[PDB]
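A single chain comes next, written as structure tokens; it is the form deposited in one PDB entry.
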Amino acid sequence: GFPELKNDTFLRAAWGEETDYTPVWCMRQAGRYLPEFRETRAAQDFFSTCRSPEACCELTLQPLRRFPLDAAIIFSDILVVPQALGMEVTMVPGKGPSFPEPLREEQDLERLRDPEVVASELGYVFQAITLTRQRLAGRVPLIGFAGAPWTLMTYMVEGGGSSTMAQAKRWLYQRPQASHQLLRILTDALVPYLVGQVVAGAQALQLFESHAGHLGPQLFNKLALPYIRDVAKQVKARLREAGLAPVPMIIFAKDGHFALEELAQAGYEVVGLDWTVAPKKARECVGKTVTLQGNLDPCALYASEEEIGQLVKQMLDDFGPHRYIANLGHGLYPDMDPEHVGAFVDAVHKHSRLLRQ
């Protein structure tokens, strides 16, 4: 009972179909780089301006008012899941995302909620999605999302960010059983959560495995990959059993060059790439079946509009017009110029058409 989709270029490319042009969207398009974002966000604290459907909806719609993006992604935070599981967050302006009381001992798992009840705790997200889907009025598709099991585990154990993930990785080596247990709890919670996002109106899903790079091939296939595979499999199964049409799923493994091959067989229609992997080599690794979502160095936007167009042109030339969705290699940075984001979007549209005509 939602508006009929007008521009579905993003969805067609995601499924591997040919399109008149290359669709484009930016991770964190609804971000601090937009003056309007800080003002709206300054209404209250993080988990209040995130808990308000209308607020999340507005934040989601803001970038679309500035740029002809080919998709919108619901505004939320990957930390909503750990929170919904019973972990307290103290979002401060300086540090940012933080768990003042991180998991450290296997015993610390007892304080988490039964993953089965997490979906009911995230009702506000579902409401924001339905609302955003209604307000978008079929302009472009709406992407739902969540953090991958390993990445969420790193936040829960590290308590926040880290350049080494030493505490989280220590868990994998010293506490492999407890690590598997935590990773399973995270999977059992993400599935019903992601399914709920589709039920509420999400037309695609992206799983962010942002801390994939801290692991090597062996650990990754051992503790991260299995759950990345379980999420896609189970989400697809529940959607079919519920009578709903599965949506295209994207797996983003930042710094995951070493796992591109495994990921292309993980059950996701799209594989997101960071800027360190050359497009052509990525294509080799993933094959010719999956769609690659892709990688301009976000910092590249610091260059002039002219330089951006050229860098975009070269990026498209490497990826080729088939099975490709343009994007940045990572989320946008707070000090980036909105006008340069516009140039990126425009450049992708202009060149992708030339690369076809």
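Residues carry their position along the shown sequence, with the first being 1.
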query: Segment of higher mean CA temperature factor, 120-128 or 279-287; finding: 279-287
query: Between the two ranges 98-106 and 76-84, the one averaging a larger CA B factor in the entry; finding: 98-106
query: Per the PDB entry, maximal CA B factor within 192, 272, 159, 256; finding: 159
query: Among 135, 240, 233, 180 - the residue whose C-alpha B-factor is largest in the record; finding: 240
query: Ranked against its chain, the third holding the CA B-factor of residue 333; finding: highest
query: Chain-wide C-alpha B factor ranking for residue 188, given as lowest, middle or highest third; finding: lowest
query: Residue 71 - which third its CA temperature factor falls in, relative to the rest of the chain; finding: lowest
query: Third of the chain's Cα B-factor distribution that residue 40 belongs to, per the entry; finding: highest
query: Position of residue 326 among the chain's modelled residues by C-alpha B-factor, lowest, middle or highest third; finding: lowest
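There is another form of the same protein, the form deposited with a small molecule bound; it is not shown, and what comes next is about it.
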property	result
In the entry with it bound, the one of 203, 132, 179, 76 near the small molecule [non-hydrogen atom within 4.5 angstroms]	76
One residue of 53, 31, 321, 309 in contact with the small molecule, assessed in the entry with it bound (non-hydrogen atom, 4.5 angstroms)	31
Contact of residue 208 with the small molecule in the entry with it bound (heavy atom, 4.5 Å)	yes
4.5 Å heavy atom contact, residue 37 and the small molecule in the entry with it bound	yes
Proximity of residue 313 to the small molecule in the entry with it bound, heavy atoms at 4.5 Å	no
4.5 Å heavy atom contact, residue 46 to the small molecule in the entry with it bound	yes
Per-stretch contact check against the small molecule in the entry with it bound, the hit in 76-84, 191-199, 122-130, 231-239 (non-hydrogen atom, 4.5 angstroms)	76-84
